[PDB]
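The next block is target-v7.cif, given as mmCIF, C-alpha atoms.
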```cif
data_input
loop_
_atom_site.group_PDB
_atom_site.id
_atom_site.type_symbol
_atom_site.label_atom_id
_atom_site.label_comp_id
_atom_site.auth_asym_id
_atom_site.auth_seq_id
_atom_site.Cartn_x
_atom_site.Cartn_y
_atom_site.Cartn_z
ATOM 1 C CA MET A 48 7.132 -24.939 6.959
ATOM 2 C CA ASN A 49 8.094 -21.935 9.070
ATOM 3 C CA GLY A 50 10.120 -21.596 5.728
ATOM 4 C CA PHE A 51 6.886 -20.862 3.820
ATOM 5 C CA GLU A 52 5.799 -18.526 6.662
ATOM 6 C CA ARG A 53 9.089 -16.663 6.921
ATOM 7 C CA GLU A 54 9.168 -16.185 3.132
ATOM 8 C CA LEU A 55 5.571 -15.020 2.962
ATOM 9 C CA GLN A 56 6.283 -12.472 5.735
ATOM 10 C CA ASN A 57 9.645 -11.152 4.564
ATOM 11 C CA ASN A 58 9.291 -11.202 0.767
ATOM 12 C CA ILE A 59 5.639 -10.161 0.318
ATOM 13 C CA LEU A 60 3.907 -8.938 3.514
ATOM 14 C CA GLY A 61 6.929 -6.829 4.403
ATOM 15 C CA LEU A 62 6.479 -4.727 1.208
ATOM 16 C CA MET A 63 2.706 -4.214 1.149
ATOM 17 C CA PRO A 64 0.167 -2.812 3.649
ATOM 18 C CA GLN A 65 -0.317 -5.581 6.218
ATOM 19 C CA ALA A 66 -3.462 -4.013 7.574
ATOM 20 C CA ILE A 67 -5.259 -0.685 7.401
ATOM 21 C CA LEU A 68 -7.523 0.978 9.950
ATOM 22 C CA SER A 69 -9.966 2.899 7.831
ATOM 23 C CA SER A 70 -13.287 4.606 8.275
ATOM 24 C CA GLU A 71 -16.530 2.642 8.304
ATOM 25 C CA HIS A 72 -18.028 5.364 6.039
ATOM 26 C CA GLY A 73 -15.988 6.863 3.183
ATOM 27 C CA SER A 74 -12.459 8.162 3.714
ATOM 28 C CA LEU A 75 -10.831 8.881 7.051
ATOM 29 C CA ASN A 76 -10.435 12.363 8.478
ATOM 30 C CA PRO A 77 -7.202 12.362 10.517
ATOM 31 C CA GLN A 78 -8.452 15.286 12.620
ATOM 32 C CA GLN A 79 -11.458 13.130 13.639
ATOM 33 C CA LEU A 80 -9.398 9.900 14.166
ATOM 34 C CA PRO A 81 -5.781 11.065 14.683
ATOM 35 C CA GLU A 82 -2.763 8.835 14.655
ATOM 36 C CA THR A 83 -2.402 9.115 18.419
ATOM 37 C CA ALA A 84 -5.857 7.524 18.871
ATOM 38 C CA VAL A 85 -4.743 4.334 17.054
ATOM 39 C CA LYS A 86 -3.842 2.089 20.014
ATOM 40 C CA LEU A 87 -4.122 -1.503 18.905
ATOM 41 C CA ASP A 88 -2.755 -4.849 20.125
ATOM 42 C CA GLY A 89 -0.082 -6.454 17.991
ATOM 43 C CA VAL A 90 0.655 -3.254 16.085
ATOM 44 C CA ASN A 91 4.193 -1.860 16.182
ATOM 45 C CA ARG A 92 3.840 1.077 13.778
ATOM 46 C CA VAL A 93 1.188 3.315 12.251
ATOM 47 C CA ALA A 94 1.496 5.647 9.184
ATOM 48 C CA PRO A 95 -0.967 7.521 6.971
ATOM 49 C CA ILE A 96 -1.895 6.031 3.624
ATOM 50 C CA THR A 97 -4.133 6.594 0.650
ATOM 51 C CA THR A 98 -4.387 3.458 -1.433
ATOM 52 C CA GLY A 99 -6.518 1.553 -3.882
ATOM 53 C CA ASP A 100 -6.465 -0.353 -7.155
ATOM 54 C CA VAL A 101 -5.764 1.836 -10.177
ATOM 55 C CA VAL A 102 -5.994 1.216 -13.899
ATOM 56 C CA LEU A 103 -2.862 2.405 -15.694
ATOM 57 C CA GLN A 104 -2.435 3.292 -19.343
ATOM 58 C CA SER A 105 0.864 4.263 -20.933
ATOM 59 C CA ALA A 106 1.557 4.945 -24.599
ATOM 60 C CA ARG A 107 2.171 1.204 -25.104
ATOM 61 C CA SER A 108 0.102 -0.846 -22.649
ATOM 62 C CA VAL A 109 -2.268 -1.155 -19.743
ATOM 63 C CA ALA A 110 -2.157 -2.629 -16.255
ATOM 64 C CA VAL A 111 -3.786 -2.847 -12.855
ATOM 65 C CA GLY A 112 -1.687 -1.284 -10.081
ATOM 66 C CA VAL A 113 -1.821 -0.833 -6.354
ATOM 67 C CA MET A 114 -1.313 2.860 -5.585
ATOM 68 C CA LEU A 115 0.522 3.530 -2.347
ATOM 69 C CA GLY A 116 -0.037 7.203 -1.444
ATOM 70 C CA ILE A 117 2.555 7.951 1.178
ATOM 71 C CA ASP A 118 4.017 10.791 3.158
ATOM 72 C CA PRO A 119 7.307 11.050 1.151
ATOM 73 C CA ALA A 120 9.140 12.187 4.298
ATOM 74 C CA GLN A 121 8.520 8.833 6.077
ATOM 75 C CA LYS A 122 10.568 5.725 5.295
ATOM 76 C CA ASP A 123 8.449 3.021 3.597
ATOM 77 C CA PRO A 124 9.528 -0.619 3.446
ATOM 78 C CA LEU A 125 10.158 0.026 -0.298
ATOM 79 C CA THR A 126 12.408 3.087 0.340
ATOM 80 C CA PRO A 127 15.658 1.051 0.381
ATOM 81 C CA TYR A 128 14.723 -0.489 -2.980
ATOM 82 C CA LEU A 129 14.354 2.775 -4.922
ATOM 83 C CA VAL A 130 16.502 2.845 -8.037
ATOM 84 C CA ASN A 131 18.386 6.147 -8.479
ATOM 85 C CA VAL A 132 15.472 8.312 -7.339
ATOM 86 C CA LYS A 133 14.682 10.188 -4.139
ATOM 87 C CA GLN A 134 11.411 9.477 -2.418
ATOM 88 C CA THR A 135 11.164 13.191 -1.529
ATOM 89 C CA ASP A 136 10.707 13.962 -5.259
ATOM 90 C CA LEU A 137 7.085 12.786 -4.644
ATOM 91 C CA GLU A 138 6.122 16.397 -3.800
ATOM 92 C CA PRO A 139 2.443 17.153 -3.308
ATOM 93 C CA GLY A 140 0.853 18.649 -6.399
ATOM 94 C CA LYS A 141 3.542 17.346 -8.766
ATOM 95 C CA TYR A 142 1.745 14.088 -9.596
ATOM 96 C CA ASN A 143 4.986 12.132 -9.732
ATOM 97 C CA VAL A 144 5.043 8.327 -9.538
ATOM 98 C CA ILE A 145 7.678 5.722 -8.713
ATOM 99 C CA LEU A 146 6.694 2.407 -10.344
ATOM 100 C CA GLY A 147 7.622 -1.170 -9.490
ATOM 101 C CA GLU A 148 10.394 -2.021 -11.998
ATOM 102 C CA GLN A 149 8.384 -4.848 -13.611
ATOM 103 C CA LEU A 150 5.193 -2.768 -13.809
ATOM 104 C CA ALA A 151 7.239 -0.062 -15.587
ATOM 105 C CA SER A 152 8.727 -2.590 -17.991
ATOM 106 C CA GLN A 153 5.338 -4.050 -18.873
ATOM 107 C CA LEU A 154 3.956 -0.565 -19.510
ATOM 108 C CA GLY A 155 7.024 0.181 -21.676
ATOM 109 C CA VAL A 156 7.719 3.418 -19.798
ATOM 110 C CA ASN A 157 10.805 5.209 -18.669
ATOM 111 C CA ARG A 158 11.291 8.143 -16.358
ATOM 112 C CA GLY A 159 10.174 11.332 -18.035
ATOM 113 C CA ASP A 160 7.093 9.607 -19.513
ATOM 114 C CA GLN A 161 3.531 10.090 -18.320
ATOM 115 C CA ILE A 162 0.937 7.493 -17.555
ATOM 116 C CA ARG A 163 -2.787 7.799 -17.185
ATOM 117 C CA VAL A 164 -3.942 6.657 -13.747
ATOM 118 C CA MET A 165 -7.669 5.864 -13.336
ATOM 119 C CA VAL A 166 -9.972 5.042 -10.429
ATOM 120 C CA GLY A 167 -13.398 4.677 -12.107
ATOM 121 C CA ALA A 168 -14.219 8.011 -13.723
ATOM 122 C CA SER A 180 -11.465 9.894 -11.869
ATOM 123 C CA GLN A 181 -8.334 10.136 -14.065
ATOM 124 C CA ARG A 182 -5.016 11.956 -13.879
ATOM 125 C CA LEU A 183 -1.706 11.968 -15.743
ATOM 126 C CA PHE A 184 1.191 11.085 -13.439
ATOM 127 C CA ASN A 185 4.886 11.671 -14.258
ATOM 128 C CA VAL A 186 7.150 8.639 -14.011
ATOM 129 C CA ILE A 187 10.312 9.653 -12.071
ATOM 130 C CA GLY A 188 11.787 6.270 -11.298
ATOM 131 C CA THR A 189 11.332 2.773 -10.086
ATOM 132 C CA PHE A 190 11.881 0.470 -7.144
ATOM 133 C CA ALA A 191 13.242 -3.070 -7.490
ATOM 134 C CA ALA A 192 12.822 -5.386 -4.528
ATOM 135 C CA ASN A 193 12.840 -8.616 -6.591
ATOM 136 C CA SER A 194 9.435 -9.269 -5.168
ATOM 137 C CA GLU A 195 6.056 -9.683 -6.752
ATOM 138 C CA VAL A 196 5.279 -6.085 -5.637
ATOM 139 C CA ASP A 197 7.659 -4.925 -8.381
ATOM 140 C CA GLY A 198 4.911 -5.980 -10.779
ATOM 141 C CA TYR A 199 2.066 -3.940 -9.298
ATOM 142 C CA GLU A 200 2.818 -1.470 -6.517
ATOM 143 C CA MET A 201 3.580 2.159 -7.133
ATOM 144 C CA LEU A 202 4.483 5.046 -4.847
ATOM 145 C CA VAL A 203 2.846 8.501 -5.106
ATOM 146 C CA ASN A 204 2.430 11.473 -2.839
ATOM 147 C CA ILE A 205 -0.438 10.822 -0.408
ATOM 148 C CA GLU A 206 -2.165 14.152 -1.153
ATOM 149 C CA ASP A 207 -2.060 13.479 -4.889
ATOM 150 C CA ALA A 208 -3.514 9.995 -4.280
ATOM 151 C CA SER A 209 -6.283 11.485 -2.063
ATOM 152 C CA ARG A 210 -7.170 13.896 -4.867
ATOM 153 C CA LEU A 211 -7.326 11.102 -7.417
ATOM 154 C CA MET A 212 -9.606 9.164 -5.036
ATOM 155 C CA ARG A 213 -11.874 12.283 -4.777
ATOM 156 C CA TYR A 214 -11.489 12.400 -1.003
ATOM 157 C CA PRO A 215 -12.319 15.630 0.896
ATOM 158 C CA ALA A 216 -9.220 17.779 1.354
ATOM 159 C CA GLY A 217 -6.956 16.397 4.072
ATOM 160 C CA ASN A 218 -8.669 12.984 4.166
ATOM 161 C CA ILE A 219 -6.837 9.678 3.663
ATOM 162 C CA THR A 220 -7.724 6.023 3.162
ATOM 163 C CA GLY A 221 -6.633 5.290 6.703
ATOM 164 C CA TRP A 222 -3.862 4.298 9.031
ATOM 165 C CA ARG A 223 -1.527 1.659 7.665
ATOM 166 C CA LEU A 224 -0.456 -0.804 10.341
ATOM 167 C CA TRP A 225 2.651 -2.888 10.806
ATOM 168 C CA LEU A 226 2.138 -6.020 12.830
ATOM 169 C CA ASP A 227 4.417 -8.024 15.058
ATOM 170 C CA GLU A 228 2.821 -11.182 13.746
ATOM 171 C CA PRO A 229 1.123 -10.489 10.399
ATOM 172 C CA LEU A 230 0.127 -14.195 10.027
ATOM 173 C CA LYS A 231 -2.264 -13.737 12.975
ATOM 174 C CA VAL A 232 -4.438 -11.149 11.257
ATOM 175 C CA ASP A 233 -7.541 -13.339 11.789
ATOM 176 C CA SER A 234 -7.297 -13.019 15.585
ATOM 177 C CA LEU A 235 -6.013 -9.409 15.492
ATOM 178 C CA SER A 236 -8.930 -8.260 13.331
ATOM 179 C CA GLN A 237 -11.348 -9.109 16.224
ATOM 180 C CA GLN A 238 -9.893 -6.635 18.706
ATOM 181 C CA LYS A 239 -11.552 -3.473 19.939
ATOM 182 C CA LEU A 240 -11.234 -0.689 17.372
ATOM 183 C CA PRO A 241 -11.898 3.074 17.565
ATOM 184 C CA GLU A 242 -15.550 4.004 17.048
ATOM 185 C CA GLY A 243 -16.572 4.213 13.386
ATOM 186 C CA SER A 244 -13.342 2.554 12.188
ATOM 187 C CA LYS A 245 -12.783 -0.782 10.572
ATOM 188 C CA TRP A 246 -10.004 -3.239 10.006
ATOM 189 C CA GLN A 247 -8.980 -4.711 6.638
ATOM 190 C CA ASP A 248 -5.832 -6.741 6.021
ATOM 191 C CA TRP A 249 -3.565 -8.417 3.458
ATOM 192 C CA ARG A 250 -5.879 -11.422 3.123
ATOM 193 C CA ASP A 251 -7.960 -9.232 0.824
ATOM 194 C CA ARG A 252 -5.173 -9.530 -1.767
ATOM 195 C CA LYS A 253 -3.185 -12.669 -0.897
ATOM 196 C CA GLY A 254 -5.966 -14.917 0.394
ATOM 197 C CA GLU A 255 -4.581 -18.024 -1.309
ATOM 198 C CA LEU A 256 -1.260 -17.687 0.449
ATOM 199 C CA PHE A 257 -3.083 -17.291 3.778
ATOM 200 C CA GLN A 258 -5.053 -20.516 3.050
ATOM 201 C CA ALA A 259 -1.752 -22.250 2.209
ATOM 202 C CA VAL A 260 -0.282 -21.211 5.581
ATOM 203 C CA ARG A 261 -3.302 -22.815 7.244
ATOM 204 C CA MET A 262 -2.997 -25.964 5.081
ATOM 205 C CA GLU A 263 0.757 -26.406 5.900
ATOM 206 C CA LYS A 264 0.119 -26.009 9.644
ATOM 207 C CA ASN A 265 -2.706 -28.558 9.870
ATOM 208 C CA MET A 266 -0.460 -31.178 8.259
#
```
Spit out the file's structure as structure tokens when you get a sec.
Amino acid sequence: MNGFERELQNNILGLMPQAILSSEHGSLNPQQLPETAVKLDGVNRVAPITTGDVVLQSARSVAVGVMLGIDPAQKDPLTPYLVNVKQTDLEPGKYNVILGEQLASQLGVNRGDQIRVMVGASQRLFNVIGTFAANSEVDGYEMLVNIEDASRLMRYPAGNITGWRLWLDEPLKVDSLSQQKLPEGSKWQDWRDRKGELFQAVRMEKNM
């Protein structure tokens, strides 16, 4: 089923980081490995990101999220799905957050509320300013924050980021693409880290 493949690509992989070029050791310093030095095969776009799993606590519930720390001035695949909120309200040092609609619902929060956002011992209160609604599973776990705020929560050195998010011409070929020559001291990680079972299903449907 190219049906299965098309759906996987458009409805899930289109709305999450397909791959990230990060540092071998710690966070990435974009002055040491700048965006212009990211020249990879099969990659059609590069953007900065700070990201990781976060534990979330509202007044009513708890959840695991995927924090997407973004430059609010760049269009994200989720930007067209924002509900009545401007991405540019994610100003650095405001600690605002835009939650997936379903994540927000499960936490029982509305805009104007705060939520506690935790990465191990590092914790910060973020201010819910809105939601996105893509009618995708990402609605249940992704959240958008300002990249600098996310880097602070992650305890990165000032100006550092997780790495360079990549968009791929053919995201189903991440196994081959991950073997290519990378900048020194960098490494490749991709969407298989989170959706491994769907990757295995793609392989299963092919071989039949």
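The smallest atom-to-atom distance between residue 109 (chain A) and any of A:65, A:70, A:78, A:152, using only C-alpha atoms, is found for A:152.
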message: Could you list, as a PyMOL selection string, every residue matched by the PyMOL selection byres ((chain A and resi 48) around 9) in this structure?
response: chain A and resi 49-53+260+263-264
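Distances here use only C-alpha atoms; by that measure, the residue among A:99, A:229, A:255, A:128 closest to residue 66 (chain A) is A:229.
The smallest atom-to-atom distance between residue 197 (chain A) and any of A:209, A:135, A:153, A:185, using all atoms listed in the file, is found for A:153.
Proximity to residue 119 (chain A) was assessed for A:208, A:203, A:230, A:103 counting all atoms listed in the file; the smallest distance is recorded for A:203.
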- prompt: How far is it from CA of residue 74 (chain A) to CA of residue 111 (chain A), in Å with one decimal?
  reply: 21.7 Å
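Proximity to residue 106 (chain A) was assessed for A:56, A:141, A:125, A:162 counting only C-alpha atoms; the smallest distance is recorded for A:162.
Among the candidates A:207, A:195, A:118, A:233, the one nearest to residue 144 (chain A) when counting all atoms listed in the file is A:207.
From CA of residue 189 (chain A) back to CA of residue 129 (chain A), the distance works out to 6.0 Å.
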Find the residues around region 219-222 of chain A up to 8 Å (only C-alpha atoms counted), leave out those fewer than 6 positions away in its own chain, and share them as an mmCIF file with C-alpha atoms, keeping the file's coordinate frame.
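To be explicit, this is the file written out as out_28.cif:
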```
data_model
loop_
_atom_site.group_PDB
_atom_site.id
_atom_site.type_symbol
_atom_site.label_atom_id
_atom_site.label_comp_id
_atom_site.auth_asym_id
_atom_site.auth_seq_id
_atom_site.Cartn_x
_atom_site.Cartn_y
_atom_site.Cartn_z
ATOM 1 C CA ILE A 67 -5.259 -0.685 7.401
ATOM 2 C CA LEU A 68 -7.523 0.978 9.950
ATOM 3 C CA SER A 69 -9.966 2.899 7.831
ATOM 4 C CA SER A 70 -13.287 4.606 8.275
ATOM 5 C CA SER A 74 -12.459 8.162 3.714
ATOM 6 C CA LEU A 75 -10.831 8.881 7.051
ATOM 7 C CA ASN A 76 -10.435 12.363 8.478
ATOM 8 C CA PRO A 77 -7.202 12.362 10.517
ATOM 9 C CA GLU A 82 -2.763 8.835 14.655
ATOM 10 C CA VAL A 93 1.188 3.315 12.251
ATOM 11 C CA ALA A 94 1.496 5.647 9.184
ATOM 12 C CA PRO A 95 -0.967 7.521 6.971
ATOM 13 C CA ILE A 96 -1.895 6.031 3.624
ATOM 14 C CA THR A 97 -4.133 6.594 0.650
ATOM 15 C CA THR A 98 -4.387 3.458 -1.433
ATOM 16 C CA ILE A 205 -0.438 10.822 -0.408
ATOM 17 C CA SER A 209 -6.283 11.485 -2.063
#
```
task: Calculate how many Å separate CA of residue 249 (chain A) from CA of residue 133 (chain A), rounding to one decimal.
output: 27.1 Å
- request: Report the residues retrieved by the PyMOL selection byres ((chain A and resi 186) around 8) from the displayed file, expressed as a PyMOL selection string.
  value: chain A and resi 143-146+156-162+184-185+187-188
Could you dump the residues just selected with C-alpha atoms as a short mmCIF file (atom, residue, chain, number, x, y, z; two decimals), in the frame of the given file?
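In the end it all went to out-v7.cif:
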```
data_model
loop_
_atom_site.label_atom_id
_atom_site.label_comp_id
_atom_site.auth_asym_id
_atom_site.auth_seq_id
_atom_site.Cartn_x
_atom_site.Cartn_y
_atom_site.Cartn_z
CA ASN A 143 4.99 12.13 -9.73
CA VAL A 144 5.04 8.33 -9.54
CA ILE A 145 7.68 5.72 -8.71
CA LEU A 146 6.69 2.41 -10.34
CA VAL A 156 7.72 3.42 -19.80
CA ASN A 157 10.80 5.21 -18.67
CA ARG A 158 11.29 8.14 -16.36
CA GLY A 159 10.17 11.33 -18.04
CA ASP A 160 7.09 9.61 -19.51
CA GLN A 161 3.53 10.09 -18.32
CA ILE A 162 0.94 7.49 -17.56
CA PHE A 184 1.19 11.08 -13.44
CA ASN A 185 4.89 11.67 -14.26
CA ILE A 187 10.31 9.65 -12.07
CA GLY A 188 11.79 6.27 -11.30
#
```
- request: Using only C-alpha atoms, collect all residues at a distance of at most 6 Å from (-15.2, 4.1, 9.2) as written in the file, then present them as a ChimeraX atom specification.
  value: /A:69-72,243-245
Who sits within 7 Å of residue 154 (chain A), all atoms listed in the file, same chain under 5 positions skipped, as a short mmCIF file (atom, residue, chain, number, x, y, z; two decimals) with C-alpha atoms, keeping the file's coordinate frame:
```
data_model
loop_
_atom_site.label_atom_id
_atom_site.label_comp_id
_atom_site.auth_asym_id
_atom_site.auth_seq_id
_atom_site.Cartn_x
_atom_site.Cartn_y
_atom_site.Cartn_z
CA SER A 105 0.86 4.26 -20.93
CA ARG A 107 2.17 1.20 -25.10
CA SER A 108 0.10 -0.85 -22.65
CA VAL A 109 -2.27 -1.16 -19.74
#
```
message: If we count all atoms listed in the file and set the cut-off at 8 Å, which residues sit around region 234-242 of chain A, ignoring sequence neighbours fewer than 4 positions away in its own chain? Please answer as a PyMOL selection string.
response: chain A and resi 84-85+87-89+246-247
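Omitting residue 90 (chain A) and its sequence neighbours fewer than 6 positions away, and counting all atoms listed in the file, the residues within 9 Å are residues 224, 225, 226, 227 and 228 of chain A.
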Dump of C-alpha atoms for the selected residues, as a short mmCIF file (atom, residue, chain, number, x, y, z; two decimals), keeping the file's coordinate frame:
```
data_model
loop_
_atom_site.label_atom_id
_atom_site.label_comp_id
_atom_site.auth_asym_id
_atom_site.auth_seq_id
_atom_site.Cartn_x
_atom_site.Cartn_y
_atom_site.Cartn_z
CA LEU A 224 -0.46 -0.80 10.34
CA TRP A 225 2.65 -2.89 10.81
CA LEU A 226 2.14 -6.02 12.83
CA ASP A 227 4.42 -8.02 15.06
CA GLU A 228 2.82 -11.18 13.75
#
```
Completion of region 221-235 of chain A up to N, CA and C atoms, as a tab-separated table (two decimals), in the coordinates of the input:
```
chain	number	residue	atom	x	y	z
A	221	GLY	N	-6.68	5.68	5.32
A	221	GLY	CA	-6.63	5.29	6.70
A	221	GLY	C	-5.23	5.19	7.23
A	222	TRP	N	-5.11	4.47	8.33
A	222	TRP	CA	-3.86	4.30	9.03
A	222	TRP	C	-3.31	2.91	8.72
A	223	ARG	N	-2.23	2.89	7.93
A	223	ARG	CA	-1.53	1.66	7.66
A	223	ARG	C	-0.92	1.15	8.94
A	224	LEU	N	-0.97	-0.16	9.14
A	224	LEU	CA	-0.46	-0.80	10.34
A	224	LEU	C	0.64	-1.78	9.98
A	225	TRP	N	1.65	-1.84	10.84
A	225	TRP	CA	2.65	-2.89	10.81
A	225	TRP	C	2.45	-3.74	12.03
A	226	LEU	N	2.53	-5.05	11.82
A	226	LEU	CA	2.14	-6.02	12.83
A	226	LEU	C	3.32	-6.83	13.26
A	227	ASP	N	3.36	-7.17	14.54
A	227	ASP	CA	4.42	-8.02	15.06
A	227	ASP	C	4.30	-9.38	14.42
A	228	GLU	N	3.06	-9.84	14.25
A	228	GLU	CA	2.82	-11.18	13.75
A	228	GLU	C	1.75	-11.13	12.68
A	229	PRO	N	2.13	-10.68	11.49
A	229	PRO	CA	1.12	-10.49	10.40
A	229	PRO	C	0.37	-11.76	10.00
A	230	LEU	N	0.88	-12.95	10.30
A	230	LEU	CA	0.13	-14.20	10.03
A	230	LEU	C	-1.07	-14.42	10.95
A	231	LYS	N	-1.17	-13.61	12.02
A	231	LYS	CA	-2.26	-13.74	12.98
A	231	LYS	C	-3.34	-12.68	12.79
A	232	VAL	N	-3.42	-12.12	11.58
A	232	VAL	CA	-4.44	-11.15	11.26
A	232	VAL	C	-5.87	-11.59	11.55
A	233	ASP	N	-6.17	-12.90	11.47
A	233	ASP	CA	-7.54	-13.34	11.79
A	233	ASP	C	-7.92	-13.00	13.22
A	234	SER	N	-7.08	-13.39	14.17
A	234	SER	CA	-7.30	-13.02	15.58
A	234	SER	C	-7.23	-11.51	15.82
A	235	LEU	N	-6.22	-10.86	15.26
A	235	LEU	CA	-6.01	-9.41	15.49
A	235	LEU	C	-7.16	-8.57	14.99
```
